[PDB]
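Only one chain is included here, represented as structure tokens and corresponding to the form deposited in one PDB entry.
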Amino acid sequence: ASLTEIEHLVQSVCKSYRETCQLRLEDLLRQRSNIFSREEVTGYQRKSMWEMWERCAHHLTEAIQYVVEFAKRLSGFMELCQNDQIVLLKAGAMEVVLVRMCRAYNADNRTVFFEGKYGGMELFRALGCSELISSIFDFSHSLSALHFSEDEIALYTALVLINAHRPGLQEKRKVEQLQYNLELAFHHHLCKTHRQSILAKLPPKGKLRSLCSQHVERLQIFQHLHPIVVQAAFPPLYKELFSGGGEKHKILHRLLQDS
């Protein structure tokens, strides 16, 4: 590529992200004052473990769907073969969500936007995975210190998804070329905005990998406790990406093929 193409890729990636960001940043900031009362927090704690899991699985699925749409709009993604598109999404969609949610996190009071209001870790105690919850909050606390702009999140999450090292890629060279151009765009934008200092503060890939593994592991614990809840009340896309043996569903293939 050349310089004019990279500048175009920067605006292309930032545009695809704005069209699929799920929640605009200003809308998330305007809600920061709206925090669950101590009686509303106790209500969430009084909910059953199985109800909190399906409510969280529903919100995770909604977020993942926007990441799929981000991928389809992402320059060069739909040119890859379908096997590679599915490998990249299965490996990275959750990782993109884990990065995106820092916008919905308030580092001042350590709360996240959940079901119309902001609440802390104590809101999710009924899940029975306090270690995973605190790892999630800590990860959002870390990214919040970086003070990401919307353009930086756009370019970073594009690279989280377009990773030529994902096992199972049939056209590794083709993903490499797309990843190299997206790297150039991200680094060129950081250079122009004088934000190259964030490169050393970005979390290691093994951290996002550890969070996704913690999610699958705690789901397997819950699935053992309430297998019918997962089969009957969890979204099909969620089961395809996280539940064994739930990969039998093909949701993503339909999501990608349409339009």
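C-alpha atoms forming the largest set that superposes within 1.5 Å between two forms make up the rigid core. All residue numbers refer to positions in the sequence shown, first residue = 1.
The PDB entry reports B-factors from which the mean C-alpha value can be compared for 87-95 and 127-135; the larger average falls on 127-135.
Between 73-81 and 174-182, it is 73-81 that carries the larger average Cα temperature factor according to the deposited entry. In this structure the maximum Cα B-factor among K205, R195, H58, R46 is found at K205. Looking at the C-alpha B-factors along this chain, the one for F234 belongs to the lowest third. Ranked by C-alpha B-factor against the other modelled residues of its chain, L190 falls in the middle third. Annotation for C102: C-alpha temperature factor in the middle third relative to the rest of the modelled chain, per the entry. Remark: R218 belongs to the lowest third of its chain, ranked by C-alpha B-factor as recorded. Among the modelled residues of its chain, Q31 has a C-alpha B-factor that falls in the middle third, as given in the PDB entry.
Not pictured, yet referred to below: the form deposited in another entry.
Summarising the superposition on the core between this form and the one not shown, the listed residues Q45, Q220, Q31, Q65 contain exactly one with a Cα shift of 2 Å or larger, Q220. After superposition on the rigid core, displacement of the C-alpha of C56 between this form and the one not shown stays below 2 Å. Superposition of the core reveals a Cα shift of less than 2 Å for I198 between this form and the one not shown. Here's the thing about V229 and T42: their CA atoms end up at least 3 Å farther apart in that other deposited form than they are in this form.
Distance between the C-alpha atoms of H58 and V229: shorter in that other deposited form than here (change of 3 Å or more).
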